[PDB]
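Take a look at the structure below.
What follows draws every value from the coordinates through simple rules; no lab data is involved. Neighbour counts are summed over all protein chains in view; Cβ atoms, including those assigned to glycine, are modelled from backbone coordinates with ideal geometry.
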Amino acid sequence: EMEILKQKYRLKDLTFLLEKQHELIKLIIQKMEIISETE
Amino acid sequence: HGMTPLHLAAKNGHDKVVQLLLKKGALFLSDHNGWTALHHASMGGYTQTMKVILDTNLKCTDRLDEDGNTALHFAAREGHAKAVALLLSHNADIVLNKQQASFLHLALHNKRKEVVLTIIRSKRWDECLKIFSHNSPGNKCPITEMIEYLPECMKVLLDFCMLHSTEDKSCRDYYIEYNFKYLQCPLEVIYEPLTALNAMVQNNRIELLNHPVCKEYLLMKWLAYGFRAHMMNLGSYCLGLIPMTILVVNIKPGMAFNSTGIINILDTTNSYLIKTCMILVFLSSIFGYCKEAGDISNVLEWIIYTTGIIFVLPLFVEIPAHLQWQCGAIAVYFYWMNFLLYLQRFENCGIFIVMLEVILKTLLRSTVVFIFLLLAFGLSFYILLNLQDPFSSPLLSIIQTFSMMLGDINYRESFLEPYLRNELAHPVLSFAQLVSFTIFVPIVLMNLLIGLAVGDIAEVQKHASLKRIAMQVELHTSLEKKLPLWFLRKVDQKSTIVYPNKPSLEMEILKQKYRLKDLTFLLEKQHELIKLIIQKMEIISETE
Amino acid sequence: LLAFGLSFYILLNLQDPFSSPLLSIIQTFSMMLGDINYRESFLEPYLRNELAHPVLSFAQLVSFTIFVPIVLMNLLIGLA
Amino acid sequence: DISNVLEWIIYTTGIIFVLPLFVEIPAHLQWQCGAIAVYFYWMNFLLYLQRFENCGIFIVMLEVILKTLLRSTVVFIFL
């Protein structure tokens with residue numbers, strides 16, 4: 001039970017960090033500027 | 001796909017651009033498959049976009065796509081509990097899907113615990129419970145769905161139905177009340193007696209079945225009709241079981257008797273008791289025959305009734321005492337053997353009867369090997385020890401072998417005394433056969449039986465409480481189906497006040513698997529976004 | 001025990017151990033542990049023509065031996 | 001194999017038991033061989049029952065228990 005709970009906490013931390021990373025990448029796409037491929 | 005740029009903005013959850021579009025003369029249209037901006041916001045679970053888009057017209061809340069699903073259906077299916085709460089608070093409309101799958105049903109089928117909890121805590125929980133399909137092959141009543149899929153949500157709902165009040169010290173001030181609204185199917189085919197309990201027992205909801213609400217529901221049904229029916233059945237059986245026992249105990253076996261009294265000089269001392277007992281036995285046997293007119297139990301009851309008729313037959317026509325008392329012995333033996341099965345419908349004795357049945361079944365399975373071993377050893381002992389009374393006949397030889405299987409080998413009297421007196425025809429052969437028999441039957445066969453029994457008992461004890469509650473539920477369901485209309489409404493309570501003072505691996509693994517699946521999906525989306533970043537970024541310095 | 005004791009009391013009424021209902025149940029309780037007095041109680045009366053119901057008594061003996069000392073004791077040992 | 005030895009004993013004792021068909025023999029040896037033959041005949045029928053879906057597992061259990069007993073027989077005989 002202790003090992004399974006530790007794995008679950010590791011996965012929860014991975015999930016939280018992935019949400020933060022996804023938000024940061026969305027910000028990168030939102031704020032970056034494009035001057036060559038403007039279609 | 002007719003996707004408006006507003007649809008794209010809602011799909012990717014960009015509040016500011018949605019506000020900019022809506023402010024500068026945007027219009028609410030429908031893309032291919034009938035979706036809209038609210039549908040995409042529900043799919044993405046962007047609550048801010050919902051709250052910004054909902055207060056502009058108040059007309060896109062209830063829109064049907066090409067399949068009939070609304071924003072609430074997508075929000076509940078994707079697992080966005082907060083978006084579901086925001087939609088429900090803003091006068092969301094519940095409409096059955098073209099498939100007849102409501103948003104609560106979609107949440108239950110996808111096993112979203114927090115969405116279901118938020119739905120239950122919503123002020124419109126009863127309304128959302130009301131609308132469901134009464135005839136669709138799937139998408140059954142919500143209570144059954146949560147019993148099957150999410151036992152924890154149902155446990156929380158029952159604790160909400162616990163109604164634990166007067167929590168002011170343990171000073172005999174408790175008036176805790178039990179409510180039974182959610183244990184009865186809310187639709188109103190046929191009327192199933194106990195839908196919730198049957199659903200719980202079918203899905204092995206032992207943790208849910210052990211809840212105080214369910215236990216008290218079963219207890220209330222017991223005191224309502226189950227105890228009455230149980231007492232009626234036991235009295236009907238005892239009316240013939242008991243007088244037979246008095247007849248056997250108060251009359252010396254092998255002696256003829258009739259209504260007047262003992263006829264084998266006439267006693268005329270217990271004449272009234274004897275006449276009453278035989279009258280009761282005859283009436284009970286006739287009642288049993290009539291109930292048969294209108295399985296091992298059937299054969300047992302038929303033998304009991306026939307032997308009861310023959311035993312008390314001298315009421316009208318005299319019969320020899322020999323046949324009378326043979327039938328009396330058979331009748332009393334099978335009467336108590338059948339009372340054993342009558343005890344099965346109890347919460348304290350049923351599991352022992354189940355264990356007895358499984359052990360008996362295993363013994364009957366092994367009886368072929370048993371009788372072959374007994375035949376071998378009995379014929380051997382019959383040839384070897386033919387000059388002894390126990391082994392003087394083949395049938396007596398097999399019966400004696402059966403008797404000594406249990407370890408009661410008469411080693412001294414059967415082997416040693418004849419040997420020292422020079423009575424054994426084949427001494428070495430007889431002693432070798434004795435050693436072989438002792439090694440084989442009483443050691444190996446009995447050890448095999450004890451191991452099989454220890455496995456059977458362990459297997460039965462694996463599902464003890466579930467089996468007990470299953471038998472109780474089945475008995476109550478049969479009783480409800482027996483009493484058609486009036487007794488149910490007479491005894492149905494929906495509420496009872498109780499005075500206490502008297503004045504886990506499969507679920508965890510599945511949760512981990514869902515977490516990993518969500519991580520995988522988010523990683524695909526993140527990888528796509530990074531690929532887009534590489535595709536669209538511009539490079540002016542390192543052009544090689 | 002009540003079933004088997006009453007059966008043995010009717011079937012073997014002419015024997016001292018089963019001469020009374022209470023003694024019959026006590027004797028059945030005693031022979032539960034596998035101490036069935038097969039010879040003295042069944043075989044010797046049978047060869048001397050003392051059993052009132054020989055076939056019934058032998059069938060009941062086989063049923064008792066199958067039921068109590070085997071099945072009941074095995075059930076108790078598994079529960080323990 | 002145990003089956004081959006069982007069958008050989010069965011056949012030899014069967015020949016000796018019904019030998020008076022041609023040559024007379026003392027009844028003592030005849031009936032000793034008859035007892036041996038019938039005992040081993042039913043013991044071998046036990047193995048013949050093994051090729052069934054209802055009795056095979058009991059024969060397997062008997063075999064494993066017998067093997068364990070033969071393993072422990074050294075300590076048994078010393079005690």
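Placing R0 at 25 angstrom, the Cβ-Cβ distance between B:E216 and B:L187 gives a FRET efficiency of 0.60 after rounding to 0.05. The charge dipole of the stretch B:444-544, taken about the Cα centre with unit charges on the Cβ atoms of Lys, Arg (+1) and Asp, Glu (-1), comes to about 1000 debye, rounded to the nearest 20. A DSSP coil position with no more than 15 other Cβ atoms inside 10 Å describes the following chymotrypsin sites (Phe, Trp or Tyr not before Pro) in chain D: D:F22, D:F52.
For the stretch B:111-119, putting each phi into the Karplus relation 6.51 cos²θ - 1.76 cosθ + 1.60 with θ = phi - 60° gives couplings of 6, 10, 5, 5, 5, 5, 4, 5, 4 Hz, in residue order, rounded to whole numbers and with x for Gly and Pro. Reducing the stretch B:448-518 and the stretch B:133-198 to their Cα centroids gives an inter-centroid distance of 15 Å. For peptide D:34-43, the mean count of partner chain Cβ atoms within 10 Å of a residue's Cβ comes to 6.
Length, then width, then depth: along the principal axes, the Cα atoms of the protein assembly as shown run 121, 80, 52 Å.
Sequentially through the stretch D:2-18, phi angles give Karplus couplings (6.51, -1.76, 1.60; θ = phi - 60°) of 5, 5, 5, 5, 4, 5, 5, 4, 4, 5, 4, 5, x, 4, 5, 5, 9 Hz, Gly and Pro residues having no value and appearing as x.
Against chain D, whose longest principal axis comes from its Cα atoms, helix D:56-78 is set at around 90 degrees. When Rg and the Kirkwood radius Rh are both evaluated on Cα atoms of the stretch B:331-398, their ratio Rg/Rh stands at 1.25. Summarising the amide proton neighbourhood of B:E177: residues at separation of 5 or more, or on other chains, whose placed amide H is nearer than 5 Å comprise B:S165. Taking the Kirkwood radius as Rh and the Cα radius of gyration as Rg, the stretch C:6-80 has a ratio of Rg/Rh equal to 1.00.
Note on the protein assembly as shown: helix-only mean residue ellipticity at 222 nm, from DSSP H runs of 4+ residues weighted -39500 (n - 2.57) and normalised by residue number, equals -20000 deg cm²/dmol.
Over the stretch B:322-453, the pair-distance histogram of Cα-Cα distances with 5 Å bins from zero comes to 2, 9, 15, 15, 12, 12, 12, 9, 7, 4, 2, 0, 0 percent, rounded to whole numbers. Taking every residue in B:522-529 and counting other chain Cβ atoms within 10 Å of its Cβ, the average works out to 3. In order along the stretch B:470-484, phi translates into HN-Hα couplings of 5, 5, 4, 5, 5, 4, 5, 5, 4, 5, 4, 5, 6, 8, x Hz, rounded to whole numbers, per the Karplus curve 6.51 cos²θ - 1.76 cosθ + 1.60 with θ = phi - 60° and x for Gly and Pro. Across all directions, the average flat footprint of the convex hull enclosing the Cα atoms of the stretch B:32-138 is 6.4 nm².
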